[PDB]
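J.: Have a look at the structure that comes next, please.
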Amino acid sequence: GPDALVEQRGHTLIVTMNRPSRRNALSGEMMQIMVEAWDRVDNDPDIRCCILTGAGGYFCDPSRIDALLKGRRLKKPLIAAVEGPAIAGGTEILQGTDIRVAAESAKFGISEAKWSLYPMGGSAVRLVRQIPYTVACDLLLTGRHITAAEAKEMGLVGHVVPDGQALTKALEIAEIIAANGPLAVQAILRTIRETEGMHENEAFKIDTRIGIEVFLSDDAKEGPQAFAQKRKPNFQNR
Amino acid sequence: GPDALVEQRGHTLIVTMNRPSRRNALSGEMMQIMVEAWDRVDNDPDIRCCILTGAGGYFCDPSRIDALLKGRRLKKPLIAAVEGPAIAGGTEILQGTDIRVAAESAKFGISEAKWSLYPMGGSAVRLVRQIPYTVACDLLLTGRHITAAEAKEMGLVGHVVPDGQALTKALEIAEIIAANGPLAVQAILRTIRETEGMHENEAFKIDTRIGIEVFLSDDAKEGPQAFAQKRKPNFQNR
Amino acid sequence: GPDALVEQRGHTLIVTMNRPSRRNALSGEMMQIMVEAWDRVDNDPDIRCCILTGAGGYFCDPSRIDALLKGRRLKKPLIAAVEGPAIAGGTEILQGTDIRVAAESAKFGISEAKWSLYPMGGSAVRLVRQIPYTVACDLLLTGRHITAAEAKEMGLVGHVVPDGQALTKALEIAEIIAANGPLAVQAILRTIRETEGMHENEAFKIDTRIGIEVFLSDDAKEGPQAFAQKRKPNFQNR
């Protein structure tokens, strides 16, 4: 089929990179479909969350590449579900996701330097910001590949599950996110984006300006009510 | 008694959030007493360190909230001693502390988004700066609660101790801090605050300007002397 | 011999701090030789990597101190190989290295505050950027010493090896770095340096400007060829 598969399942959009005979290596068609999917995530108020995964037991001016989430980030949470090889492109795009599940046999690495290529997916910026400095330097400069266990130990992913279970676990996480207040979830995400690189005192001013509107919503009344009643809240995104 | 308890024990001020019938939920009185305590920490040269804890087996424009250490940070080190539930407010204020002890059964989490509320204690700014990016996103966007062990594994706290021992461990740490050179301890803390969000080359200029005065002190002579004599230094904060 | 030893071994320069009767405590001569070595690393195109180690079973305006890599960073990767005590100066200079191997019995710590001294090697800036915030605060403010295992757990070093093996492991890592494309390795390193303290969207513009030239090189053609042929690439630094 198409080089990326796209399915809406309730409030979650699932995007599957889909060239399994080529280890889901990126194609022009794949990237075009991915950008259309990002647009749908950002613009459809019924979408509360997105999952990025790969088919067939694999995962996967040029300063802005929308498909690869470099210079663009989704306005709703993005969960990665990684099976198998995620070297090169896969580890780069992983860094543009927010919450991260790896199957036991998944493999990560940025090996561009081994072949005297430069990583075009933004790893030289992001990796030192997401895992400890020295480990990020080791991975980028040696091109060492790592296991899912090692990736979890260093904080590159948050969850490790048995092989074949990454997408199931990601769907569990998405169900939780979809059940949380979309106005609050999306406001938190915007603060995380906007306050990068600032002293915290400057950041708090933006944090408050972003967050205050959440309390005006019908959802901000229903939430505490549902909590008191020990039931699932019924949020309406307003 | 008062909604926050305050005791000076040698060079350490101990602040205990104290509404144990309400899981030490914040009150106006609690916050007023906390701000008075922060003032005392900053202004009393005899105070070298502060501990924030909760009673009864629990822990706990709006861009600046002094009581919650958002837009204000103590000029002397602040050690958290966390027993039991520290969800919501407790996990937020935890991020304004410097050194962190959790009892085995302590529980952390920022669950505001579950109820379509926004976290008003600055977590959307700080958490991604204090634990790995992906884990911070997971906690804030799902509202997942975590154990003390998990909190230690991700770097949210530094020490885990048996239940009922968090304050004892914190007092041990405070004794060490109180025995170190207050001029040096406080200078280090100021550099950490002031250099946030700068390239390191700009930061080193501030680091040196802050640190140089420490060497002019009587304490900077007594320290190396005491080291050579294998005795506890007698620092005078000058 | 000289207070720092310097050897070129193929594409790797090895710098050994060498006052083993004084636990490799820094001297004027040691620092002078170190700066000459940094110059050689930066300026000799045949050098692809550097190792900093200590002899004899030990490791080791003032806003810029070249010898201690404060306000200056090497243009090629720097790997630390730490045997034994690395307290004070050793832990500070460690933070200016990129990839880090510790022997089992190595000890780290910044104990200046214990003696009412200020750390002049830039730790008050860097440590909170390299390990989790709360752990960095604990180490700097208490002066607690840590084991190699603890250093690995917190992300201060990347590798732990048996005693006497730190330099051997570092040479293994250097062989890998030396075999990678120097143009790509060095470009990645420059992006990591230049993009510190910026929002990622500003950083990507610099990342791309730095990286694009790598693809014009003869090395960028030989790399993928060698990969396809399952052989070691023969890079020429052009």
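By order in the structure tokens, chains are A, B, ...; within a chain, residues start at 1; ligands start at 1, following the order shown.
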Could you list, as a VMD selection string, the residues of chain B having an atom within 7 Å of chain C when counting only C-alpha atoms?

T.: chain B and resid 98 to 100 130 to 131 155 to 158 176 to 177 180 to 181 183 to 185 188 191 to 192 195 197 to 201 203 to 205 207 to 208 211 214 to 215 219 to 220 223 to 224

J.: Excluding residue 161 (chain A) and residues on its chain fewer than 5 positions from it, collect all residues at most 9 Å away from it, counting only C-alpha atoms, and give them as a list in words.

T.: residues 101, 102, 103, 104, 166 and 169 of chain A

J.: Determine, counting only C-alpha atoms, which protein, DNA and RNA residues have an atom within 7 Å of an atom of residue 106 (chain C); residues of the same chain fewer than 4 positions away are not included. Present the result as a PDB file with N, CA, C and O atoms, in the first residue's frame.

T.:
ATOM      1  N   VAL C  82      39.889   7.531  33.282  1.00  0.00           N
ATOM      2  CA  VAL C  82      40.074   7.864  34.713  1.00  0.00           C
ATOM      3  C   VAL C  82      40.388   6.628  35.553  1.00  0.00           C
ATOM      4  O   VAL C  82      39.543   5.734  35.707  1.00  0.00           O
ATOM      5  N   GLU C  83      41.606   6.597  36.095  1.00  0.00           N
ATOM      6  CA  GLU C  83      41.994   5.623  37.115  1.00  0.00           C
ATOM      7  C   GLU C  83      42.051   6.361  38.439  1.00  0.00           C
ATOM      8  O   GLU C  83      42.531   7.496  38.497  1.00  0.00           O
ATOM      9  N   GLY C  84      41.537   5.728  39.486  1.00  0.00           N
ATOM     10  CA  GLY C  84      41.761   6.187  40.845  1.00  0.00           C
ATOM     11  C   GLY C  84      41.163   7.545  41.136  1.00  0.00           C
ATOM     12  O   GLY C  84      40.136   7.915  40.544  1.00  0.00           O
ATOM     13  N   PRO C  85      41.799   8.297  42.054  1.00  0.00           N
ATOM     14  CA  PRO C  85      41.246   9.577  42.493  1.00  0.00           C
ATOM     15  C   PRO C  85      41.167  10.620  41.408  1.00  0.00           C
ATOM     16  O   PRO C  85      42.162  10.889  40.718  1.00  0.00           O
ATOM     17  N   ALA C  86      39.987  11.208  41.282  1.00  0.00           N
ATOM     18  CA  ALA C  86      39.750  12.272  40.353  1.00  0.00           C
ATOM     19  C   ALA C  86      38.955  13.372  41.060  1.00  0.00           C
ATOM     20  O   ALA C  86      38.087  13.975  40.471  1.00  0.00           O
ATOM     21  N   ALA C 102      35.713   5.195  33.190  1.00  0.00           N
ATOM     22  CA  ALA C 102      36.175   5.192  34.583  1.00  0.00           C
ATOM     23  C   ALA C 102      36.516   3.769  34.972  1.00  0.00           C
ATOM     24  O   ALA C 102      35.753   2.863  34.708  1.00  0.00           O
ATOM     25  N   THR C 147      31.492   6.856  43.716  1.00  0.00           N
ATOM     26  CA  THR C 147      32.170   5.764  43.024  1.00  0.00           C
ATOM     27  C   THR C 147      31.987   5.858  41.489  1.00  0.00           C
ATOM     28  O   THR C 147      31.129   6.597  40.977  1.00  0.00           O
ATOM     29  N   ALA C 148      32.775   5.073  40.750  1.00  0.00           N
ATOM     30  CA  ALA C 148      32.592   4.932  39.307  1.00  0.00           C
ATOM     31  C   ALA C 148      31.203   4.401  38.976  1.00  0.00           C
ATOM     32  O   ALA C 148      30.557   4.900  38.065  1.00  0.00           O
TER      33      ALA C 148
END

J.: Apply DSSP to the structure's backbone, then extract all residues of region 55-131 of chain C labelled helix (DSSP H, G or I) and return them as a PyMOL selection string.

T.: chain C and resi 66-68+89-94+112-115+123-130

J.: Any idea what's packed within 10 Å of region 7-23 of chain A, counting only C-alpha atoms, ignoring anything in its chain fewer than 6 positions away? Could you give it as a PyMOL selection string?

T.: chain A and resi 1+30-31+33-34+37-38+40-41+44-60+76-81+84-86+167+170-171+174-175+177-179

J.: How would the residues just chosen look if you wrote them out with N, CA and C atoms as a tab-separated table (two decimals), in the first residue's frame?

T.:
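out38.tsv, written as the output of this step:
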chain	number	residue	atom	x	y	z
A	1	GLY	N	0.80	-1.25	0.00
A	1	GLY	CA	0.00	0.00	0.00
A	1	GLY	C	0.83	1.28	0.00
A	30	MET	N	6.31	8.63	1.32
A	30	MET	CA	6.17	8.45	2.77
A	30	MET	C	6.14	9.80	3.47
A	31	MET	N	7.09	10.65	3.14
A	31	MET	CA	7.18	11.96	3.76
A	31	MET	C	5.95	12.86	3.46
A	33	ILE	N	2.85	11.89	2.84
A	33	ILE	CA	1.74	11.35	3.60
A	33	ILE	C	1.94	11.70	5.09
A	34	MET	N	3.19	11.64	5.56
A	34	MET	CA	3.45	12.01	6.96
A	34	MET	C	3.07	13.47	7.22
A	37	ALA	N	-0.52	13.87	7.53
A	37	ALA	CA	-0.93	13.34	8.83
A	37	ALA	C	-0.66	14.35	9.96
A	38	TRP	N	0.48	15.06	9.89
A	38	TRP	CA	0.80	16.06	10.91
A	38	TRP	C	-0.18	17.19	10.86
A	40	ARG	N	-3.28	16.96	9.90
A	40	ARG	CA	-4.53	16.42	10.42
A	40	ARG	C	-4.50	16.39	11.96
A	41	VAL	N	-3.38	15.96	12.52
A	41	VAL	CA	-3.20	15.99	13.97
A	41	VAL	C	-3.39	17.42	14.51
A	44	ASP	N	-7.36	18.91	13.39
A	44	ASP	CA	-8.62	18.23	13.69
A	44	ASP	C	-8.81	18.22	15.19
A	45	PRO	N	-9.81	18.96	15.70
A	45	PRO	CA	-9.94	19.03	17.16
A	45	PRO	C	-10.31	17.68	17.81
A	46	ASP	N	-10.84	16.75	17.01
A	46	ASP	CA	-11.14	15.41	17.51
A	46	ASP	C	-9.89	14.58	17.77
A	47	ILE	N	-8.75	14.91	17.16
A	47	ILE	CA	-7.50	14.19	17.46
A	47	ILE	C	-6.87	14.75	18.74
A	48	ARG	N	-6.66	13.89	19.73
A	48	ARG	CA	-6.02	14.27	20.98
A	48	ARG	C	-4.60	13.76	21.13
A	49	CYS	N	-4.20	12.81	20.29
A	49	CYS	CA	-2.91	12.15	20.42
A	49	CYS	C	-2.54	11.49	19.09
A	50	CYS	N	-1.26	11.20	18.90
A	50	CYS	CA	-0.76	10.54	17.69
A	50	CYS	C	0.27	9.50	18.08
A	51	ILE	N	0.27	8.38	17.34
A	51	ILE	CA	1.28	7.36	17.46
A	51	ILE	C	2.03	7.23	16.13
A	52	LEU	N	3.37	7.19	16.21
A	52	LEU	CA	4.24	6.94	15.06
A	52	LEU	C	4.89	5.58	15.25
A	53	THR	N	4.70	4.71	14.27
A	53	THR	CA	5.26	3.37	14.30
A	53	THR	C	5.69	2.96	12.87
A	54	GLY	N	6.24	1.75	12.75
A	54	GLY	CA	6.71	1.23	11.48
A	54	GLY	C	6.13	-0.16	11.28
A	55	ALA	N	5.97	-0.52	10.01
A	55	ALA	CA	5.42	-1.81	9.61
A	55	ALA	C	6.48	-2.89	9.61
A	56	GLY	N	6.00	-4.14	9.71
A	56	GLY	CA	6.79	-5.30	9.36
A	56	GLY	C	7.95	-5.66	10.28
A	57	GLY	N	7.96	-5.10	11.49
A	57	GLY	CA	9.00	-5.40	12.46
A	57	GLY	C	10.21	-4.47	12.44
A	58	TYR	N	10.09	-3.37	11.70
A	58	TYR	CA	11.09	-2.31	11.65
A	58	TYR	C	10.42	-1.02	12.09
A	59	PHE	N	11.22	-0.04	12.46
A	59	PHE	CA	10.70	1.30	12.73
A	59	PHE	C	11.00	2.13	11.47
A	60	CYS	N	12.22	2.63	11.35
A	60	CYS	CA	12.71	3.28	10.13
A	60	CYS	C	14.23	3.28	10.09
A	76	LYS	N	-0.21	18.17	19.38
A	76	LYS	CA	-0.73	17.16	20.29
A	76	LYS	C	0.35	16.13	20.56
A	77	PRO	N	0.24	15.40	21.68
A	77	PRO	CA	1.34	14.48	22.03
A	77	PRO	C	1.57	13.44	20.94
A	78	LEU	N	2.83	13.08	20.74
A	78	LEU	CA	3.26	12.07	19.79
A	78	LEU	C	4.02	10.95	20.51
A	79	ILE	N	3.50	9.73	20.42
A	79	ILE	CA	4.06	8.58	21.08
A	79	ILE	C	4.74	7.72	19.99
A	80	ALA	N	5.99	7.33	20.20
A	80	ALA	CA	6.68	6.40	19.32
A	80	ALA	C	6.48	4.97	19.81
A	81	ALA	N	6.27	4.05	18.88
A	81	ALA	CA	6.21	2.62	19.16
A	81	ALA	C	7.24	1.99	18.22
A	84	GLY	N	12.16	-3.34	16.37
A	84	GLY	CA	13.29	-3.67	15.52
A	84	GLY	C	14.20	-2.50	15.23
A	85	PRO	N	14.84	-2.52	14.05
A	85	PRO	CA	15.83	-1.50	13.71
A	85	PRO	C	15.26	-0.11	13.60
A	86	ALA	N	15.91	0.82	14.29
A	86	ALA	CA	15.55	2.21	14.25
A	86	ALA	C	16.83	3.03	14.11
A	167	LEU	N	3.37	-1.30	19.78
A	167	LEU	CA	2.14	-0.58	19.39
A	167	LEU	C	1.00	-0.76	20.40
A	170	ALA	N	1.76	1.52	23.25
A	170	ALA	CA	1.54	2.88	22.80
A	170	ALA	C	0.06	3.23	22.76
A	171	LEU	N	-0.78	2.28	22.35
A	171	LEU	CA	-2.23	2.48	22.33
A	171	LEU	C	-2.79	2.63	23.74
A	174	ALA	N	-1.86	6.15	24.68
A	174	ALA	CA	-2.77	7.04	23.94
A	174	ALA	C	-4.19	7.08	24.53
A	175	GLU	N	-4.70	5.95	25.01
A	175	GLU	CA	-6.01	5.92	25.63
A	175	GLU	C	-6.04	6.80	26.87
A	177	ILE	N	-3.95	9.41	27.42
A	177	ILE	CA	-3.84	10.80	26.97
A	177	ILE	C	-5.17	11.30	26.43
A	178	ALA	N	-5.82	10.47	25.62
A	178	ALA	CA	-7.15	10.79	25.05
A	178	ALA	C	-8.23	11.02	26.11
A	179	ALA	N	-8.07	10.41	27.28
A	179	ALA	CA	-8.99	10.55	28.40
A	179	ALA	C	-8.68	11.76	29.30
